[PDB]
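Read the structure below first, then the notes.
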Amino acid sequence: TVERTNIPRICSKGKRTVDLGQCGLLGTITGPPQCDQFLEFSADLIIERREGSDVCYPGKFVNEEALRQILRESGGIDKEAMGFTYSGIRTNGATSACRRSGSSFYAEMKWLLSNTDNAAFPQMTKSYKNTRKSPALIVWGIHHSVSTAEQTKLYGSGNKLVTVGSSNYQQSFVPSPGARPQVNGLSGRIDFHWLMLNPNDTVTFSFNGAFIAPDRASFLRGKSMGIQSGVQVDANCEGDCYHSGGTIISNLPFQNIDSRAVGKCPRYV
Amino acid sequence: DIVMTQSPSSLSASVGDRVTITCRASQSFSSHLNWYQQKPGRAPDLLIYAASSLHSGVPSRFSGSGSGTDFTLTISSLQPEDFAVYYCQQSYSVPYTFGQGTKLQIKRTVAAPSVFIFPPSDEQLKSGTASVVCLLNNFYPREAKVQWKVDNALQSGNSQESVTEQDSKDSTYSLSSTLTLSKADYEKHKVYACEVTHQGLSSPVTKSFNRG
Amino acid sequence: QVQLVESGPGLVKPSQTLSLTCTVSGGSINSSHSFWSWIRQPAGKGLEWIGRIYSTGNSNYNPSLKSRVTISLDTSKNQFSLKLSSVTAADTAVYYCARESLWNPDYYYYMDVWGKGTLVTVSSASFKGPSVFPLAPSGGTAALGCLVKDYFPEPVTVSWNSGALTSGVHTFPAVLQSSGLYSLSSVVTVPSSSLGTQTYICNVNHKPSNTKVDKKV
Ligand SMILES: *[C@@H]1O[C@H](CO)[C@@H](O)[C@H](O)[C@H]1NC(C)=O
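Put into structure tokens, the structure is as follows:
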């Protein structure tokens, strides 16, 4: 009445299955060098890996576990340029951690600096209206310098403030400079925030520094399934429930092999 | 705007009880919720930020659980000084919004009031009005009846009462019935009595004084 | 130790601009992690976030009040102000300073410093200081006090022996009379033996009138 034997492989017959490999699922939105194959993908079954990382320049995703659940059942992501134009900033930051052929940065973000070292960063305002019929995933970043002088050298002296405004959201953010444990040879940090922009709605970024502006916006293609595993993928076997151990193949109404398996599955016992 | 519906508008709990106050959101904002304790006459003090993390300085008996849209403030072992009004705050997006508030009242054993009567001052009579004040001190519960007698004549619409916020130490109320007359009327009668009937008294108490 | 103090007129006339001011002690107003905010509370009602300001000068106003609200800061004086235009009878409330701490690394903000609060009634009637008469005590414990009468507007704040007597003091809520003036009594129970020895002066402070009466009982 309850299946106890599973398949030690991920049965990908009949469904579009993408093994993200060395890239974490959230990396597809920002675009580190390891998500260049999956900046725009479509899939029915997304498979994360333990080695995959959402990040190249050390940092974190704010509200990441909620966003990962959104991305796991997205059917993929489509991109579109938000058409931002700048005058009076460097607009081409780079870091040794995000390396393609030398120093680079996130493929979908743009690190904004002052023109020269310790020069001023002018107050700017950029807007983007979601023209499509689907909600637009929109991601921005806040760079925490390692010292007060680094933030002064990069974006100029004075207090920095980033404010994000939509029809259903409005909050301001501030960088906190300080020396943090060395991750990838760096103590600075870049934190990524996100929000959903409705159709015919306009996001608005007002800032004067320490702002990792987005270049493109993401859109969800459809529906999919998202698991993390270390098992191999099987193309000839067909399954409807999956977990970290593999594939659950059963007609019994119950099972007692995993408690959080996704997909059409028997109830946990 | 994010509506904040906060349940238990008012409640009564005994010292040592485990009180729970709930707050529910119109959105789901990943636990951007703060709790404030506002005692009478004071500004709200921050108890809990980010739903579950205690603010430095508040006692350990304040807890905060909640996920998504439903959050609960919990006071394990309620103490008499916890009498206040508690508010939940949404810290997700401005304009910031608060709950309607929860007045937490303390339940104690019934206590009888000490009754005092105060004649009007000779200085006030020069103004032409007379204020006779009757005091009920440190009683529980809140309900109490005060009757004014002037020469054994019942008084109607010249009284005005007001009770204090229940005490932060013994959780007792105190009220003041102040009878207002005119000087001409005050000098016409001699015996002024304040009669108090309270549930912890058995027999009604009357405190009187003579004018002359 | 950051501390905030409200300073402003206690009453304003209808259809005028209400102006308050916050003096911030124990810290610079150019702190990189502080949104200086204003929150008001109608007496007996809930809290209403008015608006906040950053050291850079950027502000966010409540959309209901955005038409009539202006917030500014004075970096030289270590102060920030709030000006509510076209005041109506509904704007009668207690107005609080507040500092929103942005120090949290997980981006969870909170008001951790509040001012004492300043009541602002709005009315056409001019203010009037209070008259204070004794409540003579007339063993066990005796009760004495002093009756504060005929003042406007709120609030009045009573002390006993310049704050050195707090145990056993009850100051009652204000009651509005037919005249449109307020009255309240402040009582204190003391040892009946202490009547002849110790003196009891009650300190009635009425900031709307700049008056402060001291009545010995
Ligand atoms: C979005 O706005 C455009 C321009 O007003 C309009 O043509 C379109 O129908 C709108 N779509 C939706 C879904 O509101």
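These protein sequences, in sequence, are chains A, B and C.
Position one of the first sequence corresponds to residue 1 (the working numbering), numbered consecutively onward.
Position one of the second sequence corresponds to residue 270 (the working numbering), numbered consecutively onward.
Position one of the third sequence corresponds to residue 482 (the working numbering), numbered consecutively onward.
Here a beta-carbon is modelled for each residue, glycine too, at the ideal position from N, C-alpha and C.
CB-CB under 6 Å to residue i, same chain, minus the five flanking residues each way: which ones, in chain order?
i	result
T475 of chain B	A462, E464
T670 of chain C	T622, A624, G649
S206 of chain A	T125, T163
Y542 of chain C	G532, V550
Could you name the residues of chain C that residue i contacts, counting a contact when the two beta carbons are closer than 7 Å?
i	result
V402 of chain B	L616, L628, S666
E392 of chain B	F614
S145 of chain A	Neighbours of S145 of chain A on chain C: none; closest Cβ ~12 Å, over 7 Å.
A380 of chain B	Near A380 of chain B there are no residues of chain C at all, since even the closest Cβ is about 14 Å away, more than 7 Å.
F331 of chain B	Per Cβ cutoff of 7 Å: no residues; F331 of chain B is ~14 Å from chain C at best.
Looking at ligand 1, does it come within less than 7 Å of residue i, judged from the CB to the closest heavy atom?
i	result
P199 of chain A	yes
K133 of chain A	yes
In chain B, which residues lie with their C-beta within 7 Å of the C-beta of residue i?
i	result
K609 of chain C	Within chain B, no residue comes near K609 of chain C; the closest Cβ sits about 14 Å away, beyond 7 Å.
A66 of chain A	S299
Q170 of chain A	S362, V363
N543 of chain C	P364
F653 of chain C	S431, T433, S445
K597 of chain C	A312
Residue i to residue j, Cα distance in whole Å?
i	j	result
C237 of chain A	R16 of chain A	13 Å
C292 of chain B	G335 of chain B	9 Å
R221 of chain A	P199 of chain A	15 Å
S451 of chain B	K630 of chain C	15 Å
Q34 of chain A	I46 of chain A	16 Å
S244 of chain A	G59 of chain A	26 Å
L528 of chain C	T366 of chain B	8 Å
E3 of chain A	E150 of chain A	59 Å
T647 of chain C	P309 of chain B	16 Å
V656 of chain C	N159 of chain A	49 Å
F408 of chain B	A381 of chain B	5 Å
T447 of chain B	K609 of chain C	21 Å
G368 of chain B	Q296 of chain B	14 Å
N251 of chain A	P349 of chain B	59 Å
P654 of chain C	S431 of chain B	6 Å
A320 of chain B	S346 of chain B	20 Å
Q468 of chain B	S445 of chain B	17 Å
Mind pulling the chain C residues with CB within less than 8 Å of residue i?
i	result
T131 of chain A	Within chain C, no residue comes near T131 of chain A; the closest Cβ sits about 26 Å away, beyond 8 Å.
Anything in chain C within Cβ reach of residue i, meaning under 9 Å, just list it in chain order.
i	result
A319 of chain B	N585, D587, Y589, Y591
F173 of chain A	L583, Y588
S229 of chain A	The contacting residues do not exist; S229 of chain A stays about 29 Å from chain C at best.
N303 of chain B	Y589, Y590, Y591, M592
On the criterion of 16 or more Cβ atoms from any shown chain inside 10 Å, does residue i qualify as buried, or is it exposed?
i	result
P181 of chain A	exposed
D339 of chain B	exposed
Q255 of chain A	buried
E487 of chain C	buried
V379 of chain B	exposed
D555 of chain C	exposed
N421 of chain B	exposed
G525 of chain C	exposed
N406 of chain B	buried
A570 of chain C	exposed
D117 of chain A	exposed
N115 of chain A	exposed
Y86 of chain A	exposed
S360 of chain B	buried
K110 of chain A	buried
Determine the chain B residues that contact residue i at a beta-carbon separation under 9 Å, and present them in chain order.
i	result
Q69 of chain A	Per Cβ cutoff of 9 Å: no residues; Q69 of chain A is ~12 Å from chain B at best.
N63 of chain A	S299
Determine the chain A residues that contact residue i at a beta-carbon separation under 8 Å, and present them in chain order.
i	result
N511 of chain C	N159
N539 of chain C	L161, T163, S172, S206
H514 of chain C	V174, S176
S536 of chain C	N159
Got a sec? Which residues, its chain only, sit under 8 Å from residue i by beta carbon, not counting five neighbours each side?
i	result
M196 of chain A	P135, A136, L137, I138
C627 of chain C	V613, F614, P615, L616, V639, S666, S667, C683, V685, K696, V698
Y590 of chain C	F516, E581, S582, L583
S437 of chain B	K308, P349, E350, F352
Within its chain, find whatever has a CB closer than 7 Å to the CB of residue i; leave out the 5 residues flanking it on each side and keep chain order.
i	result
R99 of chain A	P33
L20 of chain A	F38, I46, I47, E48, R49, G52
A294 of chain B	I271, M273, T338, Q359
Against residue i, what residues of chain A qualify as contacts under a CB-to-CB distance less than 7 Å, listed in chain order?
i	result
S675 of chain C	Under the 7 Å cutoff, chain A gives no residues; its nearest Cβ is about 57 Å from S675 of chain C.
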